[PDB]
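Residue numbers (the working numbering), protein chains in the order written: chain A, 1 to 223; chain B, 224 to 443; chain C, 444 to 506; chain D, 507 to 570; chain E, 571 to 783; chain F, 784 to 996. Ideal placement from N, C-alpha and C gives every residue a C-beta, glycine not left out. The structure under discussion appears below in the form of structure tokens.
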């Protein structure tokens, strides 16, 4: 199998450093450059640098040069990227990608990056494992328009993920579970909403089911 | 004066060797390549090789490589070309030409050969130096008559012809020489005169062949 | 140069087959020393920038 | 190369100023050994192919 | 350093239609321009390399072209799996540069959002914090402006937005904006409002409540 | 190696007219193509170097151009001194190569030759050889056919022709053909004739003598 296997997700405090690995298999390690590309939430791609599996020498983007180190280990076919003096802006998915196959003939005609790793999420936060507080989202008044919205605010949890279902998975129509936002506190927050007919608010029951496996938290909140 | 001065004309037998010199003056000797270019009678130009006056390194045309040597003498600002195992096909005018000025900057953009030597005629032949036999050309009616003289079997080139010690120039045609199978040259010089002049006026052709020290004045 | 031209290097070429050799020092866009040999057949080939081996070919070329 | 590119050579250049160096052996179209240095300013310059000093500048480029 | 400019930022089409994506380079990059696809939750995938060369495992419908500083990716007929983000990337010189990306989304009619406001819960208020939530439900296109107005004062830097991916059934988007205050700050004011601006609305829609009611 | 092909072999024009000379290279030679002039009895002279660059001491009327493997030399207005032979020469690679040359001649009206025949002299006959000479005087153009006939038998390979350079005053040519025999061969025949074919003649002209007279 031809693959680039990256190390698992990381949580780091601001000012600390992170070392991400990328293990190549099923191909000639010495024949492809290894690039490091990052993607900050909702943003595009940014090249950090690359490393040669032959010389072990690395080329960096000037933007990162002062706090990045790329190294290789030929015995294990593994490349590493170390990023230091970590800040909120470094919260990103880090990808490794190969570019080749190249031989001993020099070229000015290049291949693209035909194989990417699965990525490594790096979260820059000072938080520790914490279960969420689940609050109802309900209108100020039980009035008038034919459609009503209800929800659950899943606040201040760490780390990701949290799964939300409605009525033990029986309610799926009209449901919107928003991607979590990382707050200034370094903790996550999300909301899950459902649109129901106004006639239902007295007859039908609506319960949101919240599971946060890292803190072993289970909450069922009727709204 | 900026010039390339070559050594004098040469006569050689087949199988022998010839050494031609080219003396540079008035310019920086080490700053220009010196090429050797030959021109066979009535033909185009052929590059033989060159020599760097700086390094003394010579580059040859593969066609000549086996029997050519180009050398240089810094003390006299002179380059030499030696051509061996001489054959009839080697009869030509040999030129030296400079290409530059070049410095210590490499280039892929080149100058042409802006200065050429006067050339050196090299004649290869089994024939030996021989003065010509000069014969009259005369008809066996029309208002205009032709007469001339046949300059036959001389070697090597050149021969000069004039009429009436250079006084007669109008209507004169002196043809380029032809090389005969015998390895000897032959030419003719003709003049067109009015028929009224024949026997009224005298016509003498003056033939000069400096290699055999021959001078002939032939009245036709 | 705007990036590294040599990825993988070879060895095992007889100096008799090399016409020329270019030694390229580290630059602003390439953090590696590169050695490109032009062969007598015209092919361009990346060589291991091993200083003793390249210095043997270099002396043999100047002599 | 299809002819000799170097006519004159120089000897006075600090390795600090050289970006790259090409050592060209004698070939089918050139009976000379040529050493062309590309300077940090981009200029190409012919160097004296004397084996010790050429190897000094070469080794310093061929390493540090 | 090279700047790669992709156009349009969003390409809205129907499945089966042909798609044309553009990339313009700030200066020459020879033909060393490559195309990538990225789907939500996945790593980028190479589609075309060296302007127009084919990639192993990639379907025939993808093709590229490009003269000078102008490059193009073509999808002859969009499959449901082709609605994704596409990047152009150059490697002629280092640093490698990617374009800002082009999102290819499913086309639909303009739909104004259904707006809902939620006051903080008493349970949250007892903790010492107040989150006010504004929901913009099932709207199209994605561009929307949500403004928080507390007693007519425009709020800035105290709220966060979150948007869903395009809905699989009706191709709409949904957005939530959450305003977070301390209980002390929250109790200093009466009127809490979110003002919504969107293409489907002739004038901005305002949803509000008064604290305590 | 490189082959340089010049065209036309002969260019016939009037003084004051514009001359265009062509050179085609078998392969690329970059722009390292140079132009030379040669006059009879003189060494070649450089006119233009590096396709179009000017040469010290050379008049303004000479200019060159050339894209890829095609090159051109232009003389804007021909002076009487410009009627000569022109060579193109490449030095991109060694061996240096020259074209076969282009002769630039003065154009003039068609002029038929005045034909004269000369029997051998008694002085030559006593030596044991006989040269019979046919003269074609002041004709234009240069192309002419001279045929020797000895008692109606067409001769070949026993004669040599020589042509003068174009005349400075009337721009015509002159040609001599010399037939050489042994005295023994010469005395075996009676009728000696040269038959001349030229553009200025409606029918071939024959000049002859009988060895009797």
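Subject >> Validate contact between the segment 717-724 of chain E and the segment 154-173 of chain A using beta carbons, cut 8 Å, 3 pairs >> reply: Judged by Cβ distances under 8 Å, the segment 717-724 of chain E makes no contact with the segment 154-173 of chain A, as fewer than three pairs qualify.
Original post:
Do you know offhand how far residue 363 of chain B's Cα is from residue 425 of chain B's?
Top reply: Sequence index remark: in the second chain, residue 363 of chain B carries index 140 (1-based). Sequence index remark: in the second chain, residue 425 of chain B carries index 202 (1-based). Approximately 18 Å between the Cα atoms of the pair.
**OP:** Helix, strand or coil for residue 907 of chain F, going by three-state DSSP, please let me know.
**Re:** Here residue 907 of chain F refers to the residue found at position 124 of the sixth chain. Annotated three-state conformation of residue 907 of chain F is helix, per DSSP.
Subject >> Minimum Cβ-Cβ distance from residue 875 of chain F to chain D less than 9 Å >> reply: Within the sixth chain, numbered from 1, the residue matching residue 875 of chain F stands at position 92. It does: the Cβ of residue 875 of chain F has a partner Cβ on chain D nearer than 9 Å.
**OP:** Can you give me the Cβ contacts of residue 284 of chain B inside the same chain, cut-off strictly under 7 Å, excluding the 5 residues immediately before and after it?
**Re:** Position 61 of the second chain, counted from the start, is the residue given in the question as residue 284 of chain B. In its chain, beyond the 5 residues on either side, 270, 271 and 272 have a beta carbon closer than 7 Å to the beta carbon of residue 284 of chain B.
Subject >> Run of the alpha helix (DSSP H) containing residue 756 of chain E, from where it starts to where it stops >> reply: Numbered from 1 along the fifth chain, position 186 holds the residue referred to as residue 756 of chain E. It spans 753-756 - the alpha helix (DSSP H) in which residue 756 of chain E sits, taken as one unbroken run.
Subject >> Three CB pairs or more closer than 8 Å across the segment 915-929 of chain F and the segment 952-961 of chain F >> reply: Contact between the segment 915-929 of chain F and the segment 952-961 of chain F is present: 3 or more CB-CB pairs across the two stretches fall below 8 Å.
Subject >> Closest by C-alpha distance to residue 447 of chain C, when choosing among A:58, A:200 and A:41 >> reply: Stepping through the third chain from its first residue, residue 447 of chain C is reached at position 4. Cα-wise, what sits closest to residue 447 of chain C is A:58.
**OP:** Quick one: grab the DSSP three-state call for residue 59 of chain A.
**Re:** Here residue 59 of chain A is taken as the residue at index 59 of the first chain, counted from 1. Correct three-state label for residue 59 of chain A: strand.
Original post:
Are any of the Cβ atoms in chain F nearer than 9 Å to that of residue 552 of chain D?
Top reply: Within the fourth chain, residue 552 of chain D is the residue found at index 46, counting from 1. Chain F contact via Cβ: absent.
**OP:** Return helix, strand or coil for residue 565 of chain D, following the three-state DSSP convention.
**Re:** Indexing the fourth chain from 1 puts residue 565 of chain D at position 59. DSSP places residue 565 of chain D in helix when its eight states are reduced to three.
Original post:
Which residues of chain F have a Cβ atom closer than 8 Å to the Cβ of residue 259 of chain B, listed in chain order?
Top reply: Here residue 259 of chain B refers to the residue found at position 36 when the second chain is read from its first residue. Simply none; closest approach about 10 Å.
Subject >> Cut-off 6 Å between Cβ atoms - residues of its own chain near residue 730 of chain E, not counting five sequence neighbours on either side >> reply: Counting from one through the fifth chain, the residue named residue 730 of chain E turns up at place 160. Answer for residue 730 of chain E: 748, listed in chain order.
Original post:
Mind pulling the chain B residues with CB within less than 8 Å of residue 514 of chain D?
Top reply: In the fourth chain, the residue the question calls residue 514 of chain D occupies position 8. Neighbourhood of residue 514 of chain D in chain B, by CB distance below 8 Å: 253, 254, 277, 325, 326 and 327, in chain order.
**OP:** Determine the contact status of residue 893 of chain F and residue 924 of chain F, defining contact as a CB-CB distance below 9 Å.
**Re:** Against the sixth chain, residue 893 of chain F aligns to sequence position 110. Against the sixth chain, residue 924 of chain F aligns to sequence position 141. A contact, by the Cβ cut-off of 9 Å.
Original post:
What are the start and end residues of each continuous beta strand (DSSP E) run of 3 or more residues lying completely inside the segment 796-841 of chain F, in chain order?
Top reply: DSSP runs (the beta strand (DSSP E)) wholly in the segment 796-841 of chain F: 802-808, 816-821 and 828-832.
Original post:
What are the complete beta strand (DSSP E) segments, minimum 3 residues, inside the segment 448-485 of chain C?
Top reply: DSSP runs (the beta strand (DSSP E)) wholly in the segment 448-485 of chain C: 461-467 and 477-482.
Original post:
Cβ of residue 931 of chain F less than 9 Å from any chain B Cβ?
Top reply: Numbered from 1 along the sixth chain, position 148 holds the residue referred to as residue 931 of chain F. By this cut-off, residue 931 of chain F is not an interface position.
**OP:** At 8 Å on the CB atoms, spell out the chain A contacts of residue 461 of chain C, in chain order.
**Re:** Locating residue 461 of chain C in the third chain gives position 18, where the first residue counts as 1. Neighbours of residue 461 of chain C in chain A, taken as residues whose beta carbon is under 8 Å from its own, are absent, since the nearest beta carbon is some 14 Å off.
**OP:** Please work out which residues of its chain come closer than 7 Å, Cβ to Cβ, to residue 309 of chain B, disregarding the five sequence neighbours upstream and downstream, and give them in chain order.
**Re:** As a working note, residue 309 of chain B is residue 86 in the second chain. Correct list, in chain order: 235, 237, 238, 239, 240, 241 and 347.
Subject >> C-alpha distance - residue 874 of chain F paired with residue 415 of chain B, whole-angstrom precision >> reply: Taking the first residue of the sixth chain as position 1, residue 874 of chain F is located at position 91. Taking the first residue of the second chain as position 1, residue 415 of chain B is located at position 192. About 48 Å.
Subject >> Partner residues on chain A for residue 479 of chain C, Cβ-Cβ distance less than 7 Å >> reply: In the third chain, the residue the question calls residue 479 of chain C occupies position 36. Within 7 Å Cβ-Cβ: 106.
Subject >> Any chain D beta carbon closer than 9 Å to residue 455 of chain C >> reply: The sequence position of residue 455 of chain C within the third chain is 12, counting from 1. At a cut-off of 9 Å, the C-beta of residue 455 of chain C has no neighbouring C-beta in chain D.
Original post:
Is residue 247 of chain B helix, strand or coil by DSSP?
Top reply: In the second chain, the residue the question calls residue 247 of chain B occupies position 24. In the structure shown, residue 247 of chain B sits in a strand (DSSP, three-state: E or B).
Original post:
Is it true that the segment 19-26 of chain A meets the segment 72-85 of chain A, where meeting means three or more beta-carbon pairs spaced less than 8 Å apart?
Top reply: The segment 19-26 of chain A is in contact with the segment 72-85 of chain A.
Subject >> Run of the beta strand (DSSP E) containing residue 982 of chain F, from where it starts to where it stops >> reply: Numbered from its first residue, the sixth chain carries residue 982 of chain F at position 199. For residue 982 of chain F, no beta strand (DSSP E) run applies, since DSSP gives it neither H nor E.
Original post:
Three or more C-beta pairs closer than 8 Å, one from the segment 655-670 of chain E and one from the segment 574-582 of chain E: is that the case here?
Top reply: The answer is yes - the segment 574-582 of chain E touches the segment 655-670 of chain E, with three or more Cβ pairs under 8 Å.
Original post:
How is residue 197 of chain A classed by DSSP in three states: helix, strand or coil?
Top reply: Here residue 197 of chain A refers to the residue found at position 197 of the first chain. In the three-state reduction of the DSSP assignment, residue 197 of chain A falls in the strand class, which pools E and B.
**OP:** Specify the secondary structure class of residue 204 of chain A as computed by DSSP and reduced to three states.
**Re:** For the purposes of this step, residue 204 of chain A is identified with residue 204 of the first chain, where counting begins at 1. The answer is coil: DSSP assigns residue 204 of chain A none of H, G, I, E or B.
**OP:** Could you check the C-alpha separation between residue 464 of chain C and residue 105 of chain A for me, to the nearest Å?
**Re:** Reading the third chain from its first residue, position 21 is the one you call residue 464 of chain C. Reading the first chain from its first residue, position 105 is the one you call residue 105 of chain A. Cα to Cα, the separation comes out at about 14 Å.
Original post:
Got a sec? Which residues, its chain only, sit under 8 Å from residue 849 of chain F by beta carbon, not counting five neighbours each side?
Top reply: Within the sixth chain, numbered from 1, the residue matching residue 849 of chain F stands at position 66. Leaving aside the five residues that flank residue 849 of chain F on each side, the residues in its chain whose CB is nearer than 8 Å to its CB run, in chain order, 806, 814, 816, 834, 835 and 855.
**OP:** Express the C-alpha separation of residue 482 of chain C and residue 460 of chain C in angstroms, rounding to a whole number.
**Re:** Taking the third chain and counting its residues from 1, the one referred to as residue 460 of chain C is at position 17. Taking the third chain and counting its residues from 1, the one referred to as residue 482 of chain C is at position 39. If you take the alpha carbons of residue 460 of chain C and residue 482 of chain C, they lie about 6 Å apart.
Original post:
Is residue 178 of chain A helix, strand or coil by DSSP?
Top reply: Here residue 178 of chain A refers to the residue found at position 178 when the first chain is read from its first residue. If DSSP states are grouped into helix, strand and coil, residue 178 of chain A belongs with coil.
**OP:** Indicate whether residue 212 of chain A and residue 218 of chain A have their beta-carbon atoms separated by less than 9 Å.
**Re:** Counting from 1 along the first chain, the entry for residue 212 of chain A is found at position 212. Counting from 1 along the first chain, the entry for residue 218 of chain A is found at position 218. Yes, the Cβ-Cβ distance between residue 212 of chain A and residue 218 of chain A is below 9 Å.
Original post:
So what does residue 572 of chain D bridge to, in DSSP terms?
Top reply: Nothing can be reported for residue 572 of chain D: it is not among the residues displayed for chain D, which extend from 507 to 570.
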